[PDB]
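Colleague: Below are the structure tokens for one structure; questions will follow.
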Amino acid sequence: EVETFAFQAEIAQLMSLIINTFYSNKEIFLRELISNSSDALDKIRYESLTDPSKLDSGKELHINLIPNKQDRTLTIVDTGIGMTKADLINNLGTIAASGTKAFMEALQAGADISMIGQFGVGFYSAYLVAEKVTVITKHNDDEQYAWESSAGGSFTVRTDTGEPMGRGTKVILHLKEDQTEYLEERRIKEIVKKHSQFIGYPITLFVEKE
Ligand SMILES: [Cl-]
Ligand SMILES: [Mg+2]
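Everything in the sequence shown is counted per the entry's author numbering, starting at 16 for the first residue and increasing by one.
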């Protein structure tokens with residue numbers, strides 16, 4: 016079963032704004048997705064202080080950045096708390112209706128697209144660079160799921176029975192044809208050093224075969 020859902024009007028609005036607005040500083044998508052991974056890793060860290068068994072699905076708390084030039088994908092993987100099916104359907108755990116409203120109001124009062132993360136909807140900045148985003152997630156409380164959307168108003172959710180992840184979330188960006196600089200090692204290193212240099216978990220940038 017693949018289930019197909021409509022984005023709530025606010026999110027469809029937000030996604031169309033991200034896709035259509037001329038805005039050159041697209042590189043902030045990676046800061047926003049690393050930020051979301053850090054917040055998910057903080058959540059499982061906190062739960063484990065009182066219940067160490069929550070780490071039976073993997074003790075290591077880390078983020079991996081995986082470029083793949085053959086597939087035109089950049090994947091951000093973390094071993095944070097992951098999301099349940101209900102969280103995926105509910106705007107990937109975000110308060111995206113109210114966040115979208117506050118972000119629009121801020122843009123009127125002089126903010127710019129790079130401030131999106133302040134409003135709790137930074138995930139959607141993926142659409143600055145990707146034509147399609149796939150999110151694979153596993154929470155201790157639930158099965159592994161894949162969410163997917165190429166925007167256009169709808170997203171799908173389906174049980175994933177690809178390679179099991181112990182716990183956490185993988186964001187797979189299928190990059191736009193003109194945004195392949197974000198698969199280049201030196202470009203990813205530069206962005207991590209510029210915007211994510213104090214994140215409190217290891218960030219490993221994977222190498223590709225020649
Ligand atoms: Cl909300
Ligand atoms: Mg925060």
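Note that beta-carbon positions come from the ideal geometry of N, C-alpha and C, so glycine has one too.
#1: Just list the residues that DSSP pairs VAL207 with in beta bridges.
#2: Could you check whether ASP93 and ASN79 sit closer than 9 Å to each other, using their CB atoms as the reference points?
#3: Once DSSP output is grouped into helix, strand and coil, what is the label at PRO82?
#4: Taking C-alpha atoms, which residue in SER50, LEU188, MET30, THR174 lies nearest to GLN212?
#5: From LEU70 to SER52, what does the alpha carbon distance come to, in whole angstroms?
#6: Could you tell me if residue 227 is buried or exposed, where buried requires 16 or more neighbouring beta carbons within 10 angstroms of its beta carbon?
#7: Could you tell me if the beta carbon of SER129 falls within a distance shorter than 8 Å of some heavy atom in ligand 2?
#8: Ligand 2 and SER50: does the residue's C-beta get closer than 8 Å to at least one heavy atom of that ligand?
#9: Could you tell me the boundaries of the beta strand (DSSP E) in which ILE96 lies?
#10: Could you compute how far the alpha carbon of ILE91 sits from the alpha carbon of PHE20?
Modeller: Reading it off the structure:
#1: As a working mapping, residue 207 is identified with position 192 in the sequence shown. Per DSSP, none; premise fails for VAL207.
#2: Your numbering for residue 79 matches position 64 in the sequence shown. Your numbering for residue 93 matches position 78 in the sequence shown. Taking 9 Å as the Cβ cut-off, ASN79 and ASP93 qualify as a contacting pair.
#3: Taking the sequence shown and counting its residues from 1, the one referred to as residue 82 is at position 67. Note: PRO82 maps to strand in three-state DSSP.
#4: Against the sequence shown, residue 212 aligns to sequence position 197. Closest by alpha carbon: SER50.
#5: Sequence index remark: in the sequence shown, residue 70 carries index 55 (1-based). Sequence index remark: in the sequence shown, residue 52 carries index 37 (1-based). So the two alpha carbons sit approximately 16 Å from each other.
#6: Nothing can be reported for residue 227: it is not among the residues displayed for the chain, which extend from 16 to 225.
#7: To locate residue 129, count along the sequence shown from 1; it is residue 114. No - ligand 2 has no heavy atom lying nearer than 8 Å to the Cβ of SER129.
#8: By one-based count along the sequence shown, residue 50 stands at place 35. Result yes, Cβ under 8 Å from ligand 2.
#9: Your numbering for residue 96 matches position 81 in the sequence shown. Here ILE96 belongs to no beta strand (DSSP E), and DSSP marks it neither H nor E.
#10: Here the question's residue 91 lines up with position 76 in the sequence shown. Here the question's residue 20 lines up with position 5 in the sequence shown. For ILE91 and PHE20, the distance between alpha carbons rounds to 24 Å.
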